[PDB]
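Asks: Here it is: the structure, laid out below.
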Amino acid sequence: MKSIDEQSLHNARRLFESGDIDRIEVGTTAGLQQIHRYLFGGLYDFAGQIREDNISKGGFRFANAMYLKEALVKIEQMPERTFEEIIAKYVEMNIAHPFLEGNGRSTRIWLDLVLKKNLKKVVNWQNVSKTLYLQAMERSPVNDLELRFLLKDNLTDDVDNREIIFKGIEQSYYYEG
């Protein structure tokens, strides 16, 4: 019935406006799980839980549930020093796609926290087109060029600006709905 979407959008806003965003562990699996549990707790059965089922989209099969926990252990260890390293890490985290649903919205928040910690920048998502973003994400396992081009064009160092945060959350929620 998906007023689940309306409620989780309210949770995403509450995340920033309470300052709880500042309590989330950055660039780790556990931190991703914190985000997901915050956005979807009480809405999805599985909120914050690593899936035990397999999933694909388009022609892509995400990491097999049978070794997804082992994958995530390696992924969270990845360096975050450069824009390229951070995008490579986001890309592997997306290939893992650790939840049944809500991977995209939770992992974008997770990405911005990593960019903010390490580069003092976040993506100005409001200027990132849905078509170009989805195309880039779908290509990224083979070549993250499209994704690096697109996101690098759209970084901002105004990391706490209300308009960037809230128009960004709206755009993020639009990407998958």
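Just remember, in the structure tokens the first chain shown is A, the second B, etc., residues are 1-based per chain, and ligands are 1-based in the order shown.
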Residues of stretch 48-114 of chain A classed as strand (DSSP E) by DSSP on the backbone are to be reported as a ChimeraX atom specification.

Replies: /A:56-57,60-61

Asks: May I have the residues within 9 Å of residue A:21 as an MDAnalysis selection string, using only C-alpha atoms and disregarding those fewer than 6 positions away in the same chain?

Replies: chainID A and resid 14:15 35 113

Asks: Set the distance at 9 Å and use only C-alpha atoms: which residues neighbour residue A:49 once local chain neighbours fewer than 2 positions away are removed? I'd like the list as a ChimeraX atom specification.

Replies: /A:33,36-37,45-47,51,98-100

Asks: Write to file, as a PDB file, in the first residue's frame, the residues of the selection just made, with C-alpha atoms.

Replies:
```pdb
ATOM      1  CA  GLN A  33      22.302  -0.974   8.914  1.00  0.00           C
ATOM      2  CA  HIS A  36      18.231   1.421   7.016  1.00  0.00           C
ATOM      3  CA  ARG A  37      16.772   0.671  10.434  1.00  0.00           C
ATOM      4  CA  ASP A  45       9.862  -6.507   8.487  1.00  0.00           C
ATOM      5  CA  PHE A  46      13.533  -6.835   7.777  1.00  0.00           C
ATOM      6  CA  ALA A  47      14.578  -3.248   8.602  1.00  0.00           C
ATOM      7  CA  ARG A  51      18.949 -10.421   3.505  1.00  0.00           C
ATOM      8  CA  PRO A  98      22.556  -6.099   1.581  1.00  0.00           C
ATOM      9  CA  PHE A  99      18.767  -5.530   2.157  1.00  0.00           C
ATOM     10  CA  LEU A 100      15.642  -6.918   0.467  1.00  0.00           C
TER      11      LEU A 100
END
```

Asks: Please identify all polymer residues within 12 Å of residue A:73, counting only C-alpha atoms, omitting same-chain residues fewer than 2 positions from it, and present them as number ranges by chain.

Replies: A: 27-30, 67-71, 75-78, 92-93, 96, 98

Asks: Limited to N, CA and C atoms, could you put the picked residues into a file as a PDB file, in the first residue's frame?

Replies:
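Done, and the output landed in selection.pdb:
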```
ATOM      1  N   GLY A  27      30.809   4.787   6.924  1.00  0.00           N
ATOM      2  CA  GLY A  27      31.568   3.892   6.030  1.00  0.00           C
ATOM      3  C   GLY A  27      31.648   2.425   6.424  1.00  0.00           C
ATOM      4  N   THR A  28      30.883   2.023   7.443  1.00  0.00           N
ATOM      5  CA  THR A  28      30.829   0.613   7.865  1.00  0.00           C
ATOM      6  C   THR A  28      29.505  -0.069   7.495  1.00  0.00           C
ATOM      7  N   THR A  29      29.500  -1.407   7.546  1.00  0.00           N
ATOM      8  CA  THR A  29      28.285  -2.198   7.364  1.00  0.00           C
ATOM      9  C   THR A  29      27.278  -1.870   8.458  1.00  0.00           C
ATOM     10  N   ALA A  30      27.723  -1.879   9.721  1.00  0.00           N
ATOM     11  CA  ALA A  30      26.865  -1.578  10.844  1.00  0.00           C
ATOM     12  C   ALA A  30      26.236  -0.202  10.707  1.00  0.00           C
ATOM     13  N   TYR A  67      27.211 -15.760   0.475  1.00  0.00           N
ATOM     14  CA  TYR A  67      28.471 -15.135   0.863  1.00  0.00           C
ATOM     15  C   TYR A  67      28.398 -13.629   1.013  1.00  0.00           C
ATOM     16  N   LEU A  68      27.199 -13.115   1.224  1.00  0.00           N
ATOM     17  CA  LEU A  68      27.018 -11.689   1.293  1.00  0.00           C
ATOM     18  C   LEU A  68      27.620 -11.156   2.604  1.00  0.00           C
ATOM     19  N   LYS A  69      27.528 -11.909   3.677  1.00  0.00           N
ATOM     20  CA  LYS A  69      28.088 -11.406   4.949  1.00  0.00           C
ATOM     21  C   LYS A  69      29.621 -11.299   4.910  1.00  0.00           C
ATOM     22  N   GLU A  70      30.263 -12.300   4.299  1.00  0.00           N
ATOM     23  CA  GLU A  70      31.707 -12.323   4.014  1.00  0.00           C
ATOM     24  C   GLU A  70      32.118 -11.188   3.074  1.00  0.00           C
ATOM     25  N   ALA A  71      31.342 -10.937   2.017  1.00  0.00           N
ATOM     26  CA  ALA A  71      31.548  -9.779   1.159  1.00  0.00           C
ATOM     27  C   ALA A  71      31.548  -8.442   1.937  1.00  0.00           C
ATOM     28  N   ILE A  75      34.160  -5.343   2.067  1.00  0.00           N
ATOM     29  CA  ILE A  75      33.759  -4.055   1.550  1.00  0.00           C
ATOM     30  C   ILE A  75      33.985  -2.931   2.557  1.00  0.00           C
ATOM     31  N   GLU A  76      33.566  -3.121   3.802  1.00  0.00           N
ATOM     32  CA  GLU A  76      33.668  -2.027   4.752  1.00  0.00           C
ATOM     33  C   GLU A  76      35.117  -1.647   5.102  1.00  0.00           C
ATOM     34  N   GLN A  77      36.055  -2.552   4.824  1.00  0.00           N
ATOM     35  CA  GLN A  77      37.487  -2.328   5.062  1.00  0.00           C
ATOM     36  C   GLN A  77      38.111  -1.389   4.024  1.00  0.00           C
ATOM     37  N   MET A  78      37.458  -1.255   2.869  1.00  0.00           N
ATOM     38  CA  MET A  78      37.976  -0.456   1.747  1.00  0.00           C
ATOM     39  C   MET A  78      38.320   0.997   2.096  1.00  0.00           C
ATOM     40  N   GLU A  92      30.934  -1.184  -4.710  1.00  0.00           N
ATOM     41  CA  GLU A  92      30.922  -2.515  -4.142  1.00  0.00           C
ATOM     42  C   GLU A  92      29.784  -2.695  -3.136  1.00  0.00           C
ATOM     43  N   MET A  93      29.470  -1.641  -2.392  1.00  0.00           N
ATOM     44  CA  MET A  93      28.375  -1.691  -1.442  1.00  0.00           C
ATOM     45  C   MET A  93      27.033  -1.855  -2.178  1.00  0.00           C
ATOM     46  N   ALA A  96      26.725  -5.435  -3.399  1.00  0.00           N
ATOM     47  CA  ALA A  96      26.313  -6.240  -2.275  1.00  0.00           C
ATOM     48  C   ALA A  96      24.785  -6.137  -2.031  1.00  0.00           C
ATOM     49  N   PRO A  98      22.741  -5.201   0.435  1.00  0.00           N
ATOM     50  CA  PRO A  98      22.556  -6.099   1.581  1.00  0.00           C
ATOM     51  C   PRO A  98      21.105  -6.280   2.098  1.00  0.00           C
TER      52      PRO A  98
END
```

Asks: Run DSSP on the backbone and grab whatever in stretch 30-162 of chain A lands in alpha helix (DSSP H); send it over as a PyMOL selection string.

Replies: chain A and resi 30-40+68-77+83-96+103-119+130-139+145-152+162

Asks: Which of these, A:72, A:124, A:152, A:34, has the shortest distance to residue A:170 once you count only C-alpha atoms?

Replies: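 Nearest candidate to residue A:170 out of A:72, A:124, A:152, A:34: A:124.
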
Asks: How many Å separate atom CA of residue A:171 from atom CA of residue A:63?

Replies: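 Separation between atom CA of residue A:171 and atom CA of residue A:63: 26.4 Å.
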